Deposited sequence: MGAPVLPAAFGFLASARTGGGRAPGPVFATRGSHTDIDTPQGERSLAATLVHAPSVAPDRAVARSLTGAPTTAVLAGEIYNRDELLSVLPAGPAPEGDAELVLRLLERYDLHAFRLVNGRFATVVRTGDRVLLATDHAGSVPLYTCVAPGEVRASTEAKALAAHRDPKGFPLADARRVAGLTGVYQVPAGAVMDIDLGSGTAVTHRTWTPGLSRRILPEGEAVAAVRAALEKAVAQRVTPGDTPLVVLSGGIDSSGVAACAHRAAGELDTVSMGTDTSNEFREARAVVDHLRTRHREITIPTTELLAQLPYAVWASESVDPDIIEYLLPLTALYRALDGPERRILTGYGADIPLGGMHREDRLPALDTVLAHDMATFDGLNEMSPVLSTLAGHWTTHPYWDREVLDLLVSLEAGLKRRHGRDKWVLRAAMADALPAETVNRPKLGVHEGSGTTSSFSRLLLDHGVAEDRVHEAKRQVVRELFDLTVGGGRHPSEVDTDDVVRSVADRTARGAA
């Protein structure tokens, strides 16, 4: 029960398909098609150690119905509490089906998870993402057919307003975060409903209550993410975010495994060691050369399916770390995203700008695929991010800026929240090679940024638009080809 029933999928709904090639690593399992050409056909990609059964559910309520879900749901007890009585669902896909029978598409306004799901009921097709669209979902829609996939590359081989076109691709759209698309298969018409939106108002609370609420929310979100009877792995940098996560996860599991990644030009091993000794975790340090780091370029764009150089450059270390892990497939928790709702980049005591940036960030995260599970599952590992849990996120986003920047410290309420579970050093510690290789390739700097965009854009074209494996891509030539422009 350590890994989701499924990591992703390629599904097809025909009112009247070739095998997929994912970036996600694992077994492929085609689900049965009882209604033949009038059902939901799908290929699930999952860990070889997991039967994908809980990722699929069927019913006859309303119509013949088939649901497929990638990922998992965290507020399970709560969702079960609203269901009519007794035979509990076997998996998350069946739970969704039960919820749909009671609330219809509004069921998704209730779910706090890390998932993407496609369900066909009759000639109606629903496509839904979690509140932050942390598990990307893409689609191609035409009168009579709907294809949906957790990877745009699987569709690479009709317009849809309310959904954004995937760069480079043609006719492929990414389903918005926190949304559910209701598509009538017969006409190809879709109506999209948003099921979550960042709060714009701010909450006032004294330090004491603010600090307790933040600790409790994080503890709960982490507990919901750790499998009972299994010690999880936390990618730890010694920063407060990841350390906050590690402290909660240790308490939740009873013990903890951690790992820190460094390069030949820098690392945070010292900072991380302070936490590993304090919590007494089983630690591992990994150092990868800068040259090997930059080699990840095609892999990061291929896995995230992003064309934004700032996102790609940011995901390089994590991609390298996930691919550098040795041993069995792990369930990994990260401290990713805490800086967004908390204004981690804010450097002044003056509060105004903290809210401006915060509001902008929350209004522009969709589409960046920054926390896509493919980042880690490409190496067979599952990652989940407690700070972007819906309840934790809502809470942090809502807090008045004065609780985020307080006593001259950044992200004050989180530091205070973890003050009794980590070394003071860790709690008090206040918060590129890619530019280089470009500069070393005859590229002056006003242009270097646009070069990174052209490099990334090209890799994407080859790996996601074309169909080339990152390994079959010579990054140096791509950089050169762009540099000479």
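Residues of the deposited sequence lacking C-alpha coordinates fall in the stretches 1-3, 20-22, 164-169, 444-453, 508-513, numbered from 1.
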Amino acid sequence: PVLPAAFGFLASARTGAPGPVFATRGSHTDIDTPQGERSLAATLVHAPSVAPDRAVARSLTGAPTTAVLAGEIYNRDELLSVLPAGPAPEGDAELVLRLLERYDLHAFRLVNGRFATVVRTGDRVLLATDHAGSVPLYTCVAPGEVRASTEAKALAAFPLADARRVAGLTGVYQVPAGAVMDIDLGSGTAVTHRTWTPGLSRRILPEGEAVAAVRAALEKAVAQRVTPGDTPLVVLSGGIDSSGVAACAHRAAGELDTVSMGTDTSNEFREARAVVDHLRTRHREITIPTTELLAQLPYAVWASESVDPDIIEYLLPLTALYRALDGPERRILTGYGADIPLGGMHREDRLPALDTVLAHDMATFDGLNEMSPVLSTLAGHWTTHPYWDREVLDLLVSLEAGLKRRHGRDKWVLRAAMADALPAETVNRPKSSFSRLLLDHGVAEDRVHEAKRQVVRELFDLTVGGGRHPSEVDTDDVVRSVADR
From here on, numbers count along this sequence of modelled residues.
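Between two forms, the rigid core is defined as the largest C-alpha subset superposing within 1.5 Å.
Once the rigid core is used to overlay the structures in 4 other deposited structures of this protein, the stretch among 56-64 and 415-423 whose CA atoms lie farther from this form is 56-64. Relative to the shown model and aligned on the rigid core, the C-alphas in 4 other deposited structures of this protein deviate most, among 5-13 and 472-480, for 472-480. Note: missing coordinates for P18 occur in a third or more of the other compared entries bracketing this position. In this crystal structure, the stretch out of 6-14 and 462-470 whose C-alpha atoms carry the higher mean B factor is 462-470. For the two regions 200-208 and 276-284, the entry's Cα B-factors average higher over 276-284. In this entry, the residue among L293, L354, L233, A116 with the greatest C-alpha B factor is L293.
Per the deposited record, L437 carries the highest C-alpha B-factor of all listed residues (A63, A417, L437, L44). Among the modelled residues of its chain, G178 has a C-alpha B-factor that falls in the lowest third according to the deposited record. Ranked by Cα temperature factor within the chain, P89 sits in the highest third according to the deposited record. In the deposited entry, the Cα temperature factor of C248 places it in the middle third of its chain's modelled residues. In this PDB entry, the Cα temperature factor of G133 sits in the bottom third of its chain's modelled residues, the lowest group.
Sort the modelled residues of the chain by CA B factor and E391 lands in the lowest third.
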